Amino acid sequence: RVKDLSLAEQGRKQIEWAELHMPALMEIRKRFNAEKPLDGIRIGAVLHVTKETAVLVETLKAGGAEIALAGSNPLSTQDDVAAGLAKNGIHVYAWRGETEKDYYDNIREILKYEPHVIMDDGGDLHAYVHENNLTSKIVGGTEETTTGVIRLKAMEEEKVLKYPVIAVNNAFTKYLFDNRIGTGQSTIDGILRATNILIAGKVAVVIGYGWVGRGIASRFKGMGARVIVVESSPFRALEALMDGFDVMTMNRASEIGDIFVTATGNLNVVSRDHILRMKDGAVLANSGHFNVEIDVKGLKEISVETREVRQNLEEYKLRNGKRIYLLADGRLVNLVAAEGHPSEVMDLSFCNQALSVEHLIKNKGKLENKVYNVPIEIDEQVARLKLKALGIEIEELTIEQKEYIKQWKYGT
């Protein structure tokens, strides 16, 4: 079930472009097409349907797996890529422009094949599978994003998890590169595609200085902006301060910011009261998963006029007469107003993704009520695969250097 099966030829060129820029995932595909480690394994995945998800899902099929795919976000599907995937053997039930009903119809669709492994992005598939008492034949799962692992850890503290799950988000090759480097470029890209706004002179307010937010602040600063950071963590506010960024409350930032981007995993982090004090022409965007970081509800009630300027650009006139610009319906603007993270960075996360599924199948003595970090050996193999593909040589410790480091005394 896709939007237009006629775009598969244009979409196929997009997956090959992504393949040529995912050398590490292509190297794993070769061991997969040779040892077929996922033979007879049925995978249910709710992921962002991109050209990069296509390289991972088709790499898993090369390992002998049967995959059912559903979009992780109702506006994230690249329609051409979904067409190209259907023309192959991928049971893809997703298209851009879904409604909330279509979203869960597509999730029930991927679930009729009765999967052994559950691959999820924001936590919805793990929640639905548990809330409707499936889980029976499920051997394990993986979680791709920060918000999904928090839901999964809450599930695990409640003794509700029924299969072991790998938090691929917690791998060094993921959150240090996907969340930071990838979202830094992608979020700015989405802002520029939805609006051709000048970054140079503007006061940009980044709410959240976690891995996503510090990458956004870095690239706003690299684009010439005056960066303001709002944080609730004492540690991360001091990090942003010592990195040269003005740190303050949203109450103060509400009056100065020209662009506000949210990168929390939290609710109404930009609230209706905040928006009332904002300047005329202020642009709002969200980079966390789920459209609840900005009070989009409040903005619609305090508003007396809405209109679309263009794709992903919505204008709201408040009673005070001032105009507020919402980007991408408050959904993660990188994947909705643009294409998400580059193919080169998703190479790393989808290498942990692919290898963590092989690890889940190869094992079955794991705890069905436990959230796992990626095994450091898999984490390290991904890094060596990327360096190998990039032609970067690293120093090898000498024997005298390995000896000196085990030592605590001296050497007369």
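All residue numbers refer to positions in the sequence shown, first residue = 1.
The mean C-alpha temperature factor is higher for 123 to 131 when 123 to 131 and 220 to 228 are set side by side. In this crystal structure, the stretch out of 107 to 115 and 167 to 175 whose C-alpha atoms carry the higher mean B factor is 107 to 115.
The top Cα temperature factor in the record, among 341, 214, 279, 331, falls on 279. Of the candidates 262, 186, 146, 251, it is 251 whose Cα B-factor is highest according to the PDB record.
Ranked by Cα temperature factor within the chain, residue 335 sits in the lowest third according to the deposited record. Sort the chain's modelled residues by C-alpha temperature factor and residue 354 lands in the lowest third, per the entry.
Compared with the other modelled residues of the chain, the Cα B-factor recorded for residue 289 ranks in the highest third. In the deposited entry, the Cα temperature factor of residue 51 sits in the bottom third of values across the chain's modelled residues. Annotation for residue 15: C-alpha temperature factor in the middle third relative to the rest of the modelled chain, per the entry.
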